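Here is the structure we will look at.
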Amino acid sequence: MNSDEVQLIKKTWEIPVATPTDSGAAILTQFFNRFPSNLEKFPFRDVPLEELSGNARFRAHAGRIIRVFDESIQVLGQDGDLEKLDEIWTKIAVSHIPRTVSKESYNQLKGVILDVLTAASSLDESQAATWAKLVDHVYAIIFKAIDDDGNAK
Ligand code: HEM
Ligand SMILES: [Cl-]
Ligand SMILES: [Mg+2]
Ligand SMILES: [Mg+2]
């Protein structure tokens with residue numbers, strides 16, 4: 001990723017990261033609206049869709065997605081970037097093994113994250129592609145740590 005691309009990610013991230021609560025809720029509500037089976041993994045599985053963002057555990061997970069991306073973006077373009085991303089995302093992958101989060105489930109979330117960011121920062125196609133390169137990189141890291149069903153390899 002060239003220096004222009006890193007800068008673009010950093011600068012466009014400033015908008016959605018300014019509001020972790022709303023931005024994370026946009027991601028996670030969309031995930032559950034499109035792909036409701038994923039609700040069942042959480043303790044808030046029976047909370048009505050319109051009430052999800054009021055649930056504290058929903059808010060915690062929503063905020064985690066934003067914060068982990070923020071941590072990831074912070075390391076870009078500087079020494080140790082690849083190592084630090086591998087660390088971050090390997091740990092995320094292993095953390096979900098006890099919840100059998102499948103590769104399909106991750107891929108469901110992937111498209112929703114990119115959708116939310118594209119809208120939030122008004123990304124053009126080229127800018128969205130730069131974001132997709134980052135996300136695909138981190139997904140490579142996740143996916144070398146799990147089988148298709150989300151178990152350890
Ligand atoms: C960008 C992707 C994601 C990130 C960064 C993320 C991050 C996290 C983190 C940091 C935790 C806390 C782990 C702990 O208890 O120590 C967590 C828990 C959890 N995540 Fe994710 N997650 C992601 C995607 C997903 C997906 C796709 C699902 C699918 C349903 C999911 C389901 C869960 C569940 C069920 C928990 C445990 C909740 C509980 O124990 O009450 N996550 N996630
Ligand atoms: Cl579903
Ligand atoms: Mg297996
Ligand atoms: Mg099994």
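For the structure tokens, the naming scheme is as follows: chains receive sequential letters (A, B, ...) according to their order of presentation, residues are indexed from 1 within each chain, and ligands are indexed from 1 in presentation order.
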- Query: Can you list, as a PyMOL selection string, every protein, DNA or RNA residue that comes within 10 Å of residue 117 in chain A when you count only C-alpha atoms, leaving out same-chain residues fewer than 5 positions away?
  - Reply: chain A and resi 12-13+15-17+23+26-27+112+122-123+128+131
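Near ligand 1, at a distance of at most 8 Å and with only C-alpha atoms and all ligand atoms counted, sit the residues residues 38, 39, 40, 41, 42, 43, 57, 61, 64, 65, 66, 67, 68, 69, 89, 92, 95, 96, 99, 101, 102, 105, 106, 107, 108, 109 and 110 of chain A.
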Just-selected residues, N, CA and C atoms written as a PDB file, in the first residue's frame:
ATOM      1  N   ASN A  38     -26.717 -14.508  12.690  1.00  0.00           N
ATOM      2  CA  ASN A  38     -25.614 -14.106  13.526  1.00  0.00           C
ATOM      3  C   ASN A  38     -26.068 -13.589  14.906  1.00  0.00           C
ATOM      4  N   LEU A  39     -27.303 -13.085  15.007  1.00  0.00           N
ATOM      5  CA  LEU A  39     -27.815 -12.667  16.294  1.00  0.00           C
ATOM      6  C   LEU A  39     -27.736 -13.740  17.331  1.00  0.00           C
ATOM      7  N   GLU A  40     -27.945 -14.992  16.916  1.00  0.00           N
ATOM      8  CA  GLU A  40     -28.050 -16.084  17.839  1.00  0.00           C
ATOM      9  C   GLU A  40     -26.761 -16.329  18.594  1.00  0.00           C
ATOM     10  N   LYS A  41     -25.635 -15.829  18.111  1.00  0.00           N
ATOM     11  CA  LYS A  41     -24.364 -16.009  18.784  1.00  0.00           C
ATOM     12  C   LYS A  41     -24.237 -15.135  20.033  1.00  0.00           C
ATOM     13  N   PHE A  42     -25.088 -14.114  20.155  1.00  0.00           N
ATOM     14  CA  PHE A  42     -24.947 -13.092  21.197  1.00  0.00           C
ATOM     15  C   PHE A  42     -26.033 -13.229  22.256  1.00  0.00           C
ATOM     16  N   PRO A  43     -25.780 -12.723  23.459  1.00  0.00           N
ATOM     17  CA  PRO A  43     -26.795 -12.777  24.514  1.00  0.00           C
ATOM     18  C   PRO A  43     -28.031 -11.938  24.263  1.00  0.00           C
ATOM     19  N   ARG A  57     -24.476  -4.730  25.591  1.00  0.00           N
ATOM     20  CA  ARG A  57     -23.568  -5.671  24.997  1.00  0.00           C
ATOM     21  C   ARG A  57     -23.462  -5.480  23.493  1.00  0.00           C
ATOM     22  N   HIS A  61     -19.853  -4.580  21.511  1.00  0.00           N
ATOM     23  CA  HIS A  61     -19.285  -5.221  20.326  1.00  0.00           C
ATOM     24  C   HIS A  61     -19.135  -4.237  19.172  1.00  0.00           C
ATOM     25  N   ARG A  64     -16.100  -2.292  19.800  1.00  0.00           N
ATOM     26  CA  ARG A  64     -14.918  -3.094  19.553  1.00  0.00           C
ATOM     27  C   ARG A  64     -14.556  -3.097  18.101  1.00  0.00           C
ATOM     28  N   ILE A  65     -15.520  -3.254  17.221  1.00  0.00           N
ATOM     29  CA  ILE A  65     -15.186  -3.273  15.795  1.00  0.00           C
ATOM     30  C   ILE A  65     -14.510  -1.945  15.433  1.00  0.00           C
ATOM     31  N   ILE A  66     -15.106  -0.833  15.848  1.00  0.00           N
ATOM     32  CA  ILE A  66     -14.506   0.477  15.535  1.00  0.00           C
ATOM     33  C   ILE A  66     -13.101   0.624  16.135  1.00  0.00           C
ATOM     34  N   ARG A  67     -12.939   0.237  17.392  1.00  0.00           N
ATOM     35  CA  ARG A  67     -11.652   0.416  18.053  1.00  0.00           C
ATOM     36  C   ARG A  67     -10.571  -0.464  17.476  1.00  0.00           C
ATOM     37  N   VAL A  68     -10.901  -1.696  17.089  1.00  0.00           N
ATOM     38  CA  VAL A  68      -9.912  -2.560  16.502  1.00  0.00           C
ATOM     39  C   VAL A  68      -9.487  -2.044  15.124  1.00  0.00           C
ATOM     40  N   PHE A  69     -10.433  -1.572  14.325  1.00  0.00           N
ATOM     41  CA  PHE A  69     -10.034  -0.898  13.102  1.00  0.00           C
ATOM     42  C   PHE A  69      -9.191   0.335  13.371  1.00  0.00           C
ATOM     43  N   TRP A  89      -5.019  -9.075  14.450  1.00  0.00           N
ATOM     44  CA  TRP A  89      -6.097  -9.829  13.790  1.00  0.00           C
ATOM     45  C   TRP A  89      -6.023 -11.324  14.065  1.00  0.00           C
ATOM     46  N   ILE A  92      -7.964 -11.407  17.261  1.00  0.00           N
ATOM     47  CA  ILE A  92      -9.402 -11.355  16.986  1.00  0.00           C
ATOM     48  C   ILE A  92      -9.900 -12.711  16.495  1.00  0.00           C
ATOM     49  N   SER A  95     -10.063 -15.219  19.280  1.00  0.00           N
ATOM     50  CA  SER A  95     -11.102 -14.863  20.236  1.00  0.00           C
ATOM     51  C   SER A  95     -12.489 -15.346  19.824  1.00  0.00           C
ATOM     52  N   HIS A  96     -12.748 -15.549  18.550  1.00  0.00           N
ATOM     53  CA  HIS A  96     -14.058 -15.982  18.093  1.00  0.00           C
ATOM     54  C   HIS A  96     -14.184 -17.486  17.938  1.00  0.00           C
ATOM     55  N   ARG A  99     -16.977 -19.222  19.589  1.00  0.00           N
ATOM     56  CA  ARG A  99     -18.282 -18.854  19.116  1.00  0.00           C
ATOM     57  C   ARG A  99     -18.543 -19.345  17.690  1.00  0.00           C
ATOM     58  N   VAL A 101     -17.585 -18.570  14.692  1.00  0.00           N
ATOM     59  CA  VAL A 101     -17.847 -17.556  13.694  1.00  0.00           C
ATOM     60  C   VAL A 101     -17.212 -18.003  12.378  1.00  0.00           C
ATOM     61  N   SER A 102     -18.041 -18.336  11.407  1.00  0.00           N
ATOM     62  CA  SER A 102     -17.583 -18.954  10.191  1.00  0.00           C
ATOM     63  C   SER A 102     -16.942 -17.941   9.269  1.00  0.00           C
ATOM     64  N   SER A 105     -19.722 -15.929   7.910  1.00  0.00           N
ATOM     65  CA  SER A 105     -20.118 -14.863   8.808  1.00  0.00           C
ATOM     66  C   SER A 105     -19.168 -13.675   8.734  1.00  0.00           C
ATOM     67  N   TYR A 106     -17.859 -13.902   8.786  1.00  0.00           N
ATOM     68  CA  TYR A 106     -16.910 -12.838   8.585  1.00  0.00           C
ATOM     69  C   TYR A 106     -17.129 -12.130   7.242  1.00  0.00           C
ATOM     70  N   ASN A 107     -17.338 -12.877   6.172  1.00  0.00           N
ATOM     71  CA  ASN A 107     -17.534 -12.275   4.853  1.00  0.00           C
ATOM     72  C   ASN A 107     -18.833 -11.475   4.793  1.00  0.00           C
ATOM     73  N   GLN A 108     -19.866 -11.914   5.509  1.00  0.00           N
ATOM     74  CA  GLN A 108     -21.082 -11.144   5.673  1.00  0.00           C
ATOM     75  C   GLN A 108     -20.765  -9.777   6.307  1.00  0.00           C
ATOM     76  N   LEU A 109     -19.983  -9.777   7.383  1.00  0.00           N
ATOM     77  CA  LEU A 109     -19.631  -8.543   8.043  1.00  0.00           C
ATOM     78  C   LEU A 109     -18.760  -7.669   7.153  1.00  0.00           C
ATOM     79  N   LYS A 110     -17.895  -8.297   6.386  1.00  0.00           N
ATOM     80  CA  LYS A 110     -16.944  -7.561   5.541  1.00  0.00           C
ATOM     81  C   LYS A 110     -17.669  -6.614   4.592  1.00  0.00           C
TER      82      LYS A 110
END
Residues of chain A at most 12 Å from ligand 4: nearest atom pair and distance in Å, only C-alpha atoms and all ligand atoms, as JSON lines:
{"residue": "A:97", "atom": "CA", "partner": "ligand 4", "partner_atom_place_in_ligand_line": "1 (Mg)", "distance": 10.3}
{"residue": "A:98", "atom": "CA", "partner": "ligand 4", "partner_atom_place_in_ligand_line": "1 (Mg)", "distance": 10.0}
{"residue": "A:99", "atom": "CA", "partner": "ligand 4", "partner_atom_place_in_ligand_line": "1 (Mg)", "distance": 10.0}
{"residue": "A:100", "atom": "CA", "partner": "ligand 4", "partner_atom_place_in_ligand_line": "1 (Mg)", "distance": 7.5}
{"residue": "A:101", "atom": "CA", "partner": "ligand 4", "partner_atom_place_in_ligand_line": "1 (Mg)", "distance": 10.8}
{"residue": "A:102", "atom": "CA", "partner": "ligand 4", "partner_atom_place_in_ligand_line": "1 (Mg)", "distance": 10.7}
{"residue": "A:147", "atom": "CA", "partner": "ligand 4", "partner_atom_place_in_ligand_line": "1 (Mg)", "distance": 10.5}
{"residue": "A:148", "atom": "CA", "partner": "ligand 4", "partner_atom_place_in_ligand_line": "1 (Mg)", "distance": 10.8}
{"residue": "A:149", "atom": "CA", "partner": "ligand 4", "partner_atom_place_in_ligand_line": "1 (Mg)", "distance": 7.6}
{"residue": "A:150", "atom": "CA", "partner": "ligand 4", "partner_atom_place_in_ligand_line": "1 (Mg)", "distance": 8.7}
{"residue": "A:151", "atom": "CA", "partner": "ligand 4", "partner_atom_place_in_ligand_line": "1 (Mg)", "distance": 7.2}
{"residue": "A:152", "atom": "CA", "partner": "ligand 4", "partner_atom_place_in_ligand_line": "1 (Mg)", "distance": 10.2}
{"residue": "A:153", "atom": "CA", "partner": "ligand 4", "partner_atom_place_in_ligand_line": "1 (Mg)", "distance": 11.8}
What does the file look like for those residues with C-alpha atoms, as a short mmCIF file (atom, residue, chain, number, x, y, z; two decimals), in the first residue's frame?
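Below you can see result.cif, which holds the result:
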data_model
loop_
_atom_site.label_atom_id
_atom_site.label_comp_id
_atom_site.auth_asym_id
_atom_site.auth_seq_id
_atom_site.Cartn_x
_atom_site.Cartn_y
_atom_site.Cartn_z
CA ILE A 97 -13.16 -19.70 17.91
CA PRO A 98 -15.37 -20.39 20.97
CA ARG A 99 -18.28 -18.85 19.12
CA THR A 100 -17.74 -20.71 15.79
CA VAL A 101 -17.85 -17.56 13.69
CA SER A 102 -17.58 -18.95 10.19
CA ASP A 147 -11.31 -23.39 9.35
CA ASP A 148 -14.33 -22.55 7.23
CA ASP A 149 -16.67 -23.02 10.24
CA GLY A 150 -14.64 -20.91 12.63
CA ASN A 151 -12.90 -23.60 14.58
CA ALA A 152 -9.20 -23.72 15.15
CA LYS A 153 -7.44 -25.29 12.14
#
Please build the interface table for chain A against ligand 2 with a cut-off of 6 Å, listing for each qualifying residue the nearest atom pair and the distance in Å to one decimal; count only C-alpha atoms and all ligand atoms, order rows by chain and increasing number, and write it as a Markdown table.
| residue | atom | partner | partner_atom_place_in_ligand_line | distance |
| --- | --- | --- | --- | --- |
| A:35 | CA | ligand 2 | 1 (Cl) | 3.6 |
| A:36 | CA | ligand 2 | 1 (Cl) | 4.3 |
| A:37 | CA | ligand 2 | 1 (Cl) | 3.9 |
- Task: Considering only C-alpha atoms, return as number ranges by chain whatever protein or nucleic-acid residues lie within 12 Å of residue 55 in chain A, sequence-local ones (same chain, fewer than 2 positions apart) excluded.
- Result: A: 21, 25, 28-29, 42-53, 57-62
- Task: Report the residues of range 25-153 of chain A whose backbone DSSP state falls under alpha helix (DSSP H), written as an NGL selection string.
- Result: :A and (25-34 or 56-74 or 81-96 or 103-120 or 125-143)
- Write out as a PyMOL selection string the residues lying within 8 Å of residue 5 in chain A, counting only C-alpha atoms and excluding same-chain residues fewer than 4 positions away. chain A and resi 1+9+130
Could the residues in this selection be saved with N, CA, C and O atoms as a CSV table (one decimal), in the first residue's frame?
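Generated output (result.csv):
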chain,number,residue,atom,x,y,z
A,1,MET,N,0.9,-1.2,0.0
A,1,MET,CA,0.0,0.0,0.0
A,1,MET,C,0.9,1.2,0.0
A,1,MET,O,1.8,1.3,0.9
A,9,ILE,N,-6.6,6.4,3.7
A,9,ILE,CA,-7.3,5.6,4.7
A,9,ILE,C,-7.4,6.4,6.0
A,9,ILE,O,-8.4,6.6,6.6
A,130,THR,N,-9.3,1.1,-2.1
A,130,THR,CA,-8.1,1.2,-1.2
A,130,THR,C,-8.5,0.6,0.2
A,130,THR,O,-7.8,-0.2,0.8
- A straight line from CA of residue 2 in chain A to CA of residue 78 in chain A spans 11.4 Å
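Distances from A:103, A:82, A:70, A:88 to ligand 3 were compared using only C-alpha atoms and all ligand atoms, and the smallest one belongs to A:103.
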